[PDB]
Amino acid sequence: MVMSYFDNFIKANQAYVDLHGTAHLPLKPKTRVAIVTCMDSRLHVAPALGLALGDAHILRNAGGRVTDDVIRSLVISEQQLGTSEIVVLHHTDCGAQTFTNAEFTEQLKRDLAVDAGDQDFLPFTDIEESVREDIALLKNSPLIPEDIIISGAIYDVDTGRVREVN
């Protein structure tokens, strides 16, 4: 077997263990916030938002889109883990703006021999509108209560800035 970047991460983790020492924080996030954002490698959510360890739940998927898994995860965050505020954070230069479902599902048929023509990969073109659509999906879900403040924002991957949309 050939080593990969996982082995690099295991080695690098030793330094973090030495800094972290032995210290327990509560399962319930201190700020009562859950953030929904993209997986993008150029977004490190804690320094961008000023999070201390234990401050907020961080949910991440392709595009920061609201899905059944995001709602599942938020109902656990809120009803089991005490959170009561949501931030939907999309970002500039997102991979979701680089394909359409039709073009991507043709590519998958060619490359993987799978027909995913009926599956929605959740692309978008207008970042602000994508944030407003995902906030509406949360507000229309009966699993997300009404006394939950939901904010929308955009992270600029070139500058580090977070700016409100919703």
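Note that residue numbering begins at 1 and tracks the sequence as displayed.
*Asks:* For the C-alpha atoms alone, is the average B factor greater in 14 to 22 or in 143 to 151, going by the entry?
*Replies:* The recorded data point to 143 to 151.
*Asks:* With respect to the recorded C-alpha B factors, which stretch has the higher mean value, 44 to 52 or 118 to 126?
*Replies:* Stretch with the higher mean C-alpha B-factor: 118 to 126.
*Asks:* Maximum C-alpha temperature factor per the entry, among 66, 131, 113, 59, belongs to which one?
*Replies:* Checking the PDB record, the top C-alpha B-factor among 66, 131, 113, 59 is at 113.
*Asks:* Residue 105's Cα B-factor: lowest, middle or highest third of the chain?
*Replies:* Highest third.
*Asks:* Of the three thirds of its chain by CA temperature factor, lowest, middle or highest, which one includes residue 136?
*Replies:* Residue 136: CA B-factor falls in the middle third of its chain.
*Asks:* Please say which third, lowest, middle or highest, residue 97 falls into when its CA temperature factor is compared across its chain.
*Replies:* Highest third - that is where residue 97 ends up once the chain's C-alpha B-factors are sorted.
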